[PDB]
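Chain by chain, the residues:
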Amino acid sequence: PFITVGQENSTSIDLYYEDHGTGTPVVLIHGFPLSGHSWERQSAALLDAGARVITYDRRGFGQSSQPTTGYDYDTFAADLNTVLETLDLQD
Amino acid sequence: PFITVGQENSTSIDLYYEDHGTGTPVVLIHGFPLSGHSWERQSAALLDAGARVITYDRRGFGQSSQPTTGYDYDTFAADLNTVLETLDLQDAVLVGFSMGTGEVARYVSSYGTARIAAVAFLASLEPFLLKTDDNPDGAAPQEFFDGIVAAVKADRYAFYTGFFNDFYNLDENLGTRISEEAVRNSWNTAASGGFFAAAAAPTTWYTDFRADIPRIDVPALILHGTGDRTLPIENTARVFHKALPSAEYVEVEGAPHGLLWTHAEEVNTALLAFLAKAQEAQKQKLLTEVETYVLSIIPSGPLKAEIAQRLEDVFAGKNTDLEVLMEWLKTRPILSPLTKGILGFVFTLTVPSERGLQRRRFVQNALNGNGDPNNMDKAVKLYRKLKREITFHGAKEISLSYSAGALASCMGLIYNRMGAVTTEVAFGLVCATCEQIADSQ
Amino acid sequence: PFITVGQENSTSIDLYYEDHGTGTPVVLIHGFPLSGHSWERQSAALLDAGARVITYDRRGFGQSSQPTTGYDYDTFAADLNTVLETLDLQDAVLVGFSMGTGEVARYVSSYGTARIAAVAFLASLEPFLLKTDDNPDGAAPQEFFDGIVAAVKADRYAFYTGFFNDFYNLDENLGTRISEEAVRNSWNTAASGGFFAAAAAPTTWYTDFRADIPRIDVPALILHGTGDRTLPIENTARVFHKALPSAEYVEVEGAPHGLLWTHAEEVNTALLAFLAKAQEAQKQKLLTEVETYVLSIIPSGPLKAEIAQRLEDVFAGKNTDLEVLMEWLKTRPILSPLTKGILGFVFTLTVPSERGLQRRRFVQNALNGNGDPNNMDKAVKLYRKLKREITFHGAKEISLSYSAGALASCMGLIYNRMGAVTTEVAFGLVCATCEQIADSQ
Amino acid sequence: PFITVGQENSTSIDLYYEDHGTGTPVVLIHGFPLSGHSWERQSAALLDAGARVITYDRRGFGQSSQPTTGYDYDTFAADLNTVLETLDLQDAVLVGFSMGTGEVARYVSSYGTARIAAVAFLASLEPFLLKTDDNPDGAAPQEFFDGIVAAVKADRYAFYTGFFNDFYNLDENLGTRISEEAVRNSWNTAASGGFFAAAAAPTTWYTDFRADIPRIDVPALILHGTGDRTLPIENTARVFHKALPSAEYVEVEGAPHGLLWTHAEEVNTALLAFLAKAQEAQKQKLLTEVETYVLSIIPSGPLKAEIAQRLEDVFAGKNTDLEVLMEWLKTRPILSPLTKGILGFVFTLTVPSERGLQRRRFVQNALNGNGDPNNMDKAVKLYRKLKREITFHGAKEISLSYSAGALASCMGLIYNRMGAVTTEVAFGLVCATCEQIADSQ
Amino acid sequence: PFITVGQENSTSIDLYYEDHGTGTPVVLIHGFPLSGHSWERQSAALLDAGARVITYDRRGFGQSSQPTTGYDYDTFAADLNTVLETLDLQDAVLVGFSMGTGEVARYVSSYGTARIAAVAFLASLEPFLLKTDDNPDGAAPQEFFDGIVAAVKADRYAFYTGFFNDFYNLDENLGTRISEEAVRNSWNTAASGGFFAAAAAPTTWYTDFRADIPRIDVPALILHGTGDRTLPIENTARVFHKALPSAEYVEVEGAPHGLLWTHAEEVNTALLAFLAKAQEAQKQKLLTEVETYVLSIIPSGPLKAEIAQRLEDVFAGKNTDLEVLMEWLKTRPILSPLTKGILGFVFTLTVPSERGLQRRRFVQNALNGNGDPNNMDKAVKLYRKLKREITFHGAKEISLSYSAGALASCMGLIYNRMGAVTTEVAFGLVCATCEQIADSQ
């Protein structure tokens, strides 16, 4: 699954994401140089404990697009914002 | 390529699939923890042998989506159903390996065999792996499966290593039947499947397929490796054949679970012979149908007898000297030029070897649609539609909505290599034309 | 068939015309008091010699409308102009007999020679029949013409009788050169012209064509019968040739005015050697026109030299083993398959002896177009339009409104005998496709 | 990202591609059995040097679809064509490595060089690898290639191992030029390509590119490693340069086939210099285009001569004291204040050394727009759109949908640093405003 | 009047035709070198006898267009086809004279006899005029026909004179059977045909009609003059009748080729009697159909036997005393009153002589639709439609869309002379009603 966060030249910038379980939404944001899948041990526990688990791949990592732009925390935070708004995450 | 099979929260569930070759559709359903690509040795053979090869990745594996839902044979069979319906597969062969054999049984059982010509079971789960009081032949107790789940959850990555060991009988086959690189590829494929699917899959393995088996309607093949460490031939294939005596049954001597690679040969040869038999039967079913339509245009008499005999001989594969055939046709008295063109067309299409014969003027003149631009316009429109057809009946059906003049011109278009369609679609076209002409008489 | 040239009160003015044969257009303009049908002996020869023959009936004569207006050479020339423009005649030969020679001079003079390849004057009015002070060589005084008008008005029917007497030198030629029945037909034709036109025509005969003659731009033929009683060779043809020395000049020994019938072989002969030459000259030009377009596609080099030479040889009628030619083409390195197909197509079209050679796979593959139905659709649409074309230019022009892909496919349609078109139209198609391809490079 | 290039049965054929940076487009075409990502060392350099980098994965490789059809250079070139047309690439550089050099030759040859500024061939197949009677310099006999196919079909996974050995000269370069990890990545990439494509690819390697070479129209670079074990420099690059003497030619001393990684430096440096030359030419073309638009606004005369000369000098990098330039402009008689502002704007944009010069009041006054909010509103709307543009043409095109007043104000916004845009987009804006103004005169 | 049959260059090809009288259509096809007007003596008789007379001028003759193309029997037959289809002629009689007999044979042969009730051959070409080895009965050698062509080309005008001599046996018939004025008219007609058609026509005369003859499906008449100098009765009519024994055959004693004029009487009398027979045959064919429908309503038994016998007897033309018939019907036990009305109606319709019998109350009461205004309304609507019908099947077809009550009332409307329709349409109505009633049982 993808969420589009912007545009680079002729191509859009898409973030790879996953959306598992039901209940209170928990958003996991991975580290360098890994992807959303690195949370697999945590995701399983959260799923068993009864949470909705959201993971995504930061731009340039895992299965997300690989632009040569937007490598800074304001963009990264704006990327996150787009995800939260796109999914209408509450609480 | 993807087919969407459902929805998980905000995301859809998509299956990765491939669609190669032309001819009778053969659907390959992979095993754990691999993908559609694991069939590569079989796919190549089927492609060369003249089949349409469909592969897909089960949910949670290969390039398919990785949900945390729907890990059970009813869902897996429903997934398969969606694929078959999405592609509008007719007269399909379903081939399952290991886990895949669960799909084959459950689909056939629940959804029936309307689209399905034959089935094949390779390294089967059937009939019921769980060892119980009522299931004595079961391969293992429940506690054993509980163990695998626990092992995968602990470290699936490390787990895959020991699994492929037994999967392939590496102690026997490494550096011999299977290379270290081939094994490396398998581990990579497995590591690429979803974490959740990996641990959830083994719970589906002791599904009771005992009530599915009596539902198997169509010709079946059962094939197992006698050296199978993963699915003991004695608790699976051997008790399965008792339940389905009618099944054609092949033991691969000392073959492991992963016999698709190690014994691709023995595998492909059994599959191909059976498939060849099926293909010959199809030719008889298509060839005899074509023949009746073709003969319906010829006036009754001794000439009609000669033609029928010639048709039958080329259809039965006696490679005929097309040049000699075409000259005979050309010089036949009483036969209408149009009828000569149709037969001319049919013979060049069916004859094994054209031997680099140039197209014939007498046929070209017969199938030119009178050089009428309106006929030709409609012939081009029909051709556009026929390009999208894959079956004899679909082809024949759309062709019947066109006039005999447009149909003959369309045949000319194909004959002249100005356009191209599959042989079975070409057959449908010629038969629609024959029907139209015969009906006018 | 009719062409509308104007309006008289509530009625339109329509000219009766005919349009026969194929090849270089030759326009025949009849004399008084006859019609386009009077050229029948010449038309047959021209048709056999391979020309396109156009005849029409002057206003007031034969099957044309019979107004009481427009009896003058500017109107007559304007009438002719309308015909030429209506039919979009290119590279045309204008042949006038008697009155008709007035049209030829006046049209050329006023409208110029853009559509006109050559002219011919048979039993000419030129340069000025009226005998005056400034025109001493004039054939008769004004009072003489005034007389004819008066005679026709008195009894045109009776008048035609004495007229055809001298028109044909019947005292010499009856029962010999001309039959009584042939003369009867002529009288019937005349009696069928309009009453008003009959009396009005003779007033146009002493039109001064002296300023028209220097305007004659193109090769001309002057032909006169030395026994002409109607137009004395001494006041007409002989002084006309002085005014146009450049004109090719033929005297028919003892031939009357009506030499088209009595000496058909005479004038016809001194004409065929003219029309045939024009046709050959036209082919030479049209031939170079095709060759230049064809060559524009080929990369410069020694191969381009060989091809050009082969084209020229086939065009000159010398080269002829198509099978050898096609194999050579087929085996040429560097040449694009598409360029090979175009040349393949051109050679089979131009070679006289195709013999019994089947169409070539290499050409078929090159022209067919990849089998895209959209492309094929447009090729069929073009073909529909080309079927209505009869000229190289008209064909080439409509072809240029289509893409190179659709054009190549259209060429394939024709090559495969799926549609049929005239050689000159086929040439236009080829040249449009060559132009498009070359232009893309 | 994907571009669809065709259809296989029920599935489309999609090419994986990437599109990075801004400036002159450079298209990188990878080798066997790798993907667009293999260019990563080159891409980084090109990005830093200021180019737009386009990569894509050939059908059957990397992340592209894996059909069992279209494995031939005409299809591969058609695939490339679709990419170029899809992206509307103008003035593009085509760079091929190994297999990729086949695309470059065949595309240029068939489709021509309308979109193409220059070409580069790295570790080339050219001119014809097959050793025949007519091709003595050929690198190997047919039987040799037949061998590779057989080897890949046997175990492609194991095959990749020995292949990368010679591909990289690992016996020389491992732990030195190339790391074990870098090699591991390459094997993973290859293992990820389609099984069918892997075995089908080697059949395309002895494609005869001999007739493609004379078609190479544009400046070319040929680059080869002298230690190439995969494509012997003696049967490839060296005989290729004889066929194309005009090509700029670079031998990399002791470089293997996989010189993109092992000798990235030597590779990037040659590429960048060649590219810089091409880029300079492109800049000159843009300047001429910009210069012509800019001059169209100025009244003809000696002043127009001075300005043109100054433009040319600044564009050629020679003129550079902006303060002196701006004062000259400011004090020019006859020149419209608006035209002074436009030139003022252009000079500050093109001059390399702006130094520390404050923006000029005379320009600000000329571009601002009288302070009408409606005008300013439209200028802001245009700016929003221009912010998304990366090309001169795209910029110029959207600008033309705005009034001259709004355009001038937009120029002022940029000039005043109230908004920001790339130089090439700024050029497009200026040229649209010049066009509008000139067109009003 | 004209029918367009094709295109020649810029002009269409139009056939002059006429369409006179009412009743069964009779199509007259003229001979060489005459026109449709040559049938004037026959047309007058047919018009008086109550037939619809269609004439047309063959291409190149009379008032038709004069192309230089299409002078062959397939084109001539295609021309005829266009006429028949254009006019939607049903149940037509084709009558050919001389050349015209070629059209009749070739049309029947190729296009079949769907529109055609009967054929007639007068002064026939058949079966094959060319004297060969395989055709010994042939009238002349090839060299002989070659001669005629040469003669027409030399002077067609003079040629017509000697031709009409033998055409009419003028040495016998002039001033006796044919006037000098009648002959003058013929020459004028011929002189008016196209020059090209005149010379081209004689080449069509030795067309081999031998394979056309077995195709003659319908009743035929062969008629020849024993004094025929143009088509020797011994090489034509006499060998033709051997080939078609079934043909009705009439020799006109000492009649020439041009027997249409000289022996119009003997010609018209034979024609009219044959024509009269054809209608009777059609009526006989219709009567058995009616009888089966009528009988379907009667219960099986001895009464049904009596009725059937009575039907057959009236149908076979035994003029029955209607009064006696109607009383018998009236007094029949078991028969439903409605069934009695239907039979009552049928008998009065079919009986030769009603003898001024007043309509019967028992029938009127039976066919009154119950006096229901809704039934009557629908009956009137049906009647409106039936008024436009001319065939039994068309009539029967529309009647079936109405209820049995409305149908019976409609029958009453006709029976009561409140409305009128043709007998065959009345038959269709009664049969629809019978079908509806029988179907309800």
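Residues numbered from 1 in each chain as written, not as in the entry; some residues may be left out. Chains lettered and ligands numbered in written order. Part of a larger assembly, values for the part shown. Heavy atoms only, no water. Residues with missing side-chain atoms left out of burial classes, pairs and counts.

- In its metadata, the entry names X-ray crystallography as the structure determination method and reports 7.811 Å as the resolution.

### Concerning the overall build of chain A
Here comes step 1: The helix and strand inventory of chain A stands at 2 helices and 4 strands.
Here comes step 2: The order of helices and strands in chain A, counted from the N terminus, is β-β-β-α-β-α.
Here comes step 3: Scaling as 2.2 N^0.38, a compact globule of 91 residues should have a C-alpha radius of gyration of about 12 Å, and chain A matches this with 13 Å.
Here comes step 4: In terms of principal-axis extent, the alpha carbons of chain A reach across some 45 × 25 × 20 Å.
Here comes step 5: Residue burial in chain A is summarised as follows: out of 91 residues, 44% are buried.
Here comes step 6: Put simply, 62% of the contacts in chain A that link residues at least 6 apart link residues at least 24 apart. (Helix = DSSP H or I, 4+ residues; strand = E, 2+ residues; numbered from the N terminus. Rg over C-alpha atoms; globule rule 2.2 N^0.38 Å. Buried < 20%, exposed > 50% of the residue type's maximum accessible area, 1.4 Å probe, protein only. Contact = heavy atoms within 4.5 Å.)

### Examining the UniProt feature "active site" in chain B
Residues and elements named next belong to chain B.
Here comes step 1: Following the UniProt record, the feature "active site" maps to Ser98, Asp228 and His257 here. Maximum C-alpha separation among the annotated residues is 11.0 Å over a sequence range of 160 residues, consistent with a single clustered spot.
Here comes step 2: Structurally, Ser98 is set in the loop between β5 (92–97) and α3 (100–111).
Here comes step 3: In contact with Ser98, other than residues within four places in its own chain, are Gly31, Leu122, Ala123, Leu125, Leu231 and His257. (UniProt positions renumbered as here; feature names shortened; annotations may be inferred.)

### Here we look at the sheet that holds strand β4 (residues 52–56) of chain A
Residues and elements named next belong to chain A.
Here comes step 1: An order of β1-β2-β4-β3 is seen for the 4 strands of this open sheet, with the pairing classed as mixed. The strands lining the two open edges of the sheet, one partner per strand, are β1 (2–8) and β3 (25–29). Adjacent strand axes in the sheet meet at a mean angle of 25 degrees when their direction is disregarded.
Here comes step 2: Pairing analysis gives 4 bridges linking strand β2 (residues 11–20) to β4, with the strands arranged antiparallel. Following the sheet pairing, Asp19 is matched in β4 by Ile54.
Here comes step 3: Across the sheet, helix α1 (residues 40–49) lies against β2, β3 and β4, angled at about 155 degrees from β4, the strand it touches most.
Here comes step 4: Seen against the sheet, helix α2 (residues 73–87) touches β1, β2, β3 and β4 and runs at an angle of roughly 135 degrees to β1. (Pairing = 2+ DSSP bridges. Axes fitted to C-alpha atoms, helices over the stretch in contact; angles between N-to-C directions.)

### A look at the relation of the copies chain B and chain D
Here comes step 1: When chain B is fitted to chain D, the best match, at an RMSD of 2.1 Å, comes from turning it 116 degrees and sliding it 1.0 Å along the axis. The superposition of one copy onto the other is thereby described by a three-fold rotation axis. No C-alpha of chain B lies nearer the rotation axis than that of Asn188 of chain B, which sits 5.7 Å from it.
Here comes step 2: When you check the interface residues of chain B against chain D, a mere 5% turn up at the interface there too, and the two sides of the contact use different surfaces. (Least-squares fit on C-alpha atoms.)

### Here we look at the environment of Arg41 of chain B
Here comes step 1: You can see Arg41 of chain B is positioned in helix α1 (residues 40–49).
Here comes step 2: Distance from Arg41 of chain B to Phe76 of chain B, taken between C-alpha atoms, is 24 Å for residues 35 residues apart in sequence.
Here comes step 3: From its side chain, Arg41 of chain B meets the backbone oxygen of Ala154 of chain D in a polar contact 2.4 Å long. (Polar contact = N/O pair within 3.5 Å; in protein donor to acceptor, adjacent residues only side chain to side chain.)

### Quick notes on the interface of chain C and chain B
Here comes step 1: Contact residues are listed per partner, giving 22 residues for chain C and 21 residues for chain B.
Here comes step 2: When the two sides are added together, the surface that chain C and chain B hide from each other amounts to roughly 2100 Å², 54% of it contributed by carbon and sulfur.
Here comes step 3: Area buried by chain C at its contact with chain B is led by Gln358, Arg417 and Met418 of chain C, which between them contribute 29% of it.
Here comes step 4: Linking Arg384 of chain C and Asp377 of chain B is a salt bridge whose minimum nitrogen-to-oxygen distance equals 3.8 Å.
Here comes step 5: Here chain C and chain B share 7 residue pairs in polar contact between them.
Here comes step 6: Of all the secondary structure elements, the ones that give two or more residues to the side of chain C that touches chain B are α15 (361–367), α16 (373–386) and α18 (404–415) of chain C.
Here comes step 7: No other element matches the 7 residues that α16 of chain C contributes to the side of chain C that touches chain B. (Buried area = accessible area lost by both parts, 1.4 Å probe. Salt bridge = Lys/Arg side-chain N within 4 Å of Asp/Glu carboxyl O.)

### Focus: the sheet that holds strand β3 (residues 25–29) of chain C
Residues and elements named next belong to chain C.
Here comes step 1: Spatially, β1-β2-β4-β3-β5-β6-β7-β8 is the arrangement adopted by the 8 strands of the open sheet, whose pairing is mixed. Of all the strands in the sheet, the pair left with one neighbour each is β1 (2–8) and β8 (248–252). Put simply, the sheet's adjacent strands are angled 20 degrees from each other on average, direction ignored.
Here comes step 2: Docked against the sheet, helix α1 (residues 40–49) engages β2 (11–20), β3 and β4 (52–56), running at close to 155 degrees with respect to β4.

### Observations concerning the side chain of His257 of chain B
Residue and element names in this part refer to chain B.
Here comes step 1: Inspection of the secondary structure puts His257 in the loop between β8 (248–252) and α10 (259–262).
Here comes step 2: Within polar-contact distance, the side chain of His257 engages the side chain of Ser98 at 2.8 Å.
Here comes step 3: Beyond its immediate stretch of four places on either side in the chain, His257 contacts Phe97, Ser98, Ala123, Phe167, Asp228, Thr230 and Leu231.

### Topic: the nonpolar core
Here comes step 1: One finds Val119 of chain B together with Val119 of chain D to be the most contacted residues of the largest nonpolar core, which totals 192 residues.
Here comes step 2: Sequence-distant contacts of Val119 of chain D, defined by excluding residues within four places in its chain, comprise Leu94, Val104, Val108, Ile216, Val218, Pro219, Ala220, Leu221 and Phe274 of chain D.
Here comes step 3: The next biggest cluster of nonpolar side chains, apart from the first, holds 186 residues, and it includes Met99 and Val252 of chain C together with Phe164 and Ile213 of chain E. (Core = buried A, V, L, I, M, F, W, Y, C linked by side-chain atoms within 4.5 Å.)

### Examining the pairing of β5 of chain B
Residue and element names in this part refer to chain B.
Here comes step 1: In terms of burial, β5 is largely enclosed, as 6 of its 6 residues are buried.
Here comes step 2: Residue alternation in β5 divides its side chains into two sets, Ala92, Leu94 and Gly96 and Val93, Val95 and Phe97, and both sets are buried.
Here comes step 3: Here β5 pairs with strand β6 (residues 116–122) via 6 bridges, running parallel. Each bridged residue has a counterpart across the sheet, and for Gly96 the counterpart in β6 is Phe121.
Here comes step 4: Crossover β5 to β6 through α3 is right-handed. (Right-handed = clockwise from strand over helix to strand, strands pointing away.)

### Observations regarding the state of the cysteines
All names here are of chain C.
Here comes step 1: One pass over the structure, following the stated rule, counts 0 disulfides over all chains.
Here comes step 2: Of all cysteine sulfurs, the one in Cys431 lies closest to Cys434, which takes part in no disulfide; the gap is 6.1 Å.
Here comes step 3: The buried category is assigned to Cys434, whose relative accessible area is 0%. (Disulfide = S-S within 2.5 Å.)

### Examining the packing of aromatic side chains
Here comes step 1: Counted according to the given criterion, the structure contains 106 aromatic pairs over all chains.
Here comes step 2: Lying over the aromatic face of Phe76 of chain A, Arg58 of chain A brings its terminal NZ or CZ to 5.7 Å of the ring centre.
Here comes step 3: The ring of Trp328 of chain B carries the charged tip of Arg310 of chain B above its face, separated from the ring centre by 3.8 Å. (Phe/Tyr/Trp six-rings, centres within 6.5 Å; stacked < 30°, edge-to-face > 60°. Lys NZ or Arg CZ within 6 Å of the ring centre and 35° of its normal.)

### Focus on the packing of helix α4 (residues 142–154) of chain C against helix α8 (residues 195–204) of chain C
When two helices pack together, their arrangement is captured by the angle between the axes and the distance separating the axes.
Residue and element names in this part refer to chain C.
Here comes step 1: Where α4 contacts α8, the axes come no closer than 8 Å and their chain directions differ by 175 degrees. It follows from the interaxial angle that α4 and α8 lie roughly antiparallel. Residue-level inspection shows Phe145, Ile148, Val149, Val152 and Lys153 of α4 in contact with α8, the latter providing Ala198, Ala199, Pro202 and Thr203.
Here comes step 2: Taken together, the residues of the contact of α4 with α8 sort by class into 7 nonpolar, 1 polar and 1 charged. (Parallel < 35°, antiparallel > 145°, perpendicular 65-115°, else oblique. Nonpolar A, V, L, I, M, F, W, Y, C, P; charged D, E, K, R; others polar.)

### Comments concerning the environment of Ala77 of chain D
All names here are of chain D.
Here comes step 1: Position of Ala77 among the secondary structure elements: in helix α2 (residues 73–87).
Here comes step 2: The exposure class assigned to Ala77 is buried, which follows from its relative accessible area of 1%.
Here comes step 3: Separated by 23 residues in the primary sequence, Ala77 and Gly100 place their C-alpha atoms 9.8 Å from one another.
Here comes step 4: If near-sequence neighbours (up to four positions away) are discounted, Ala77 is found in contact with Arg106, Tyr107 and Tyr111.

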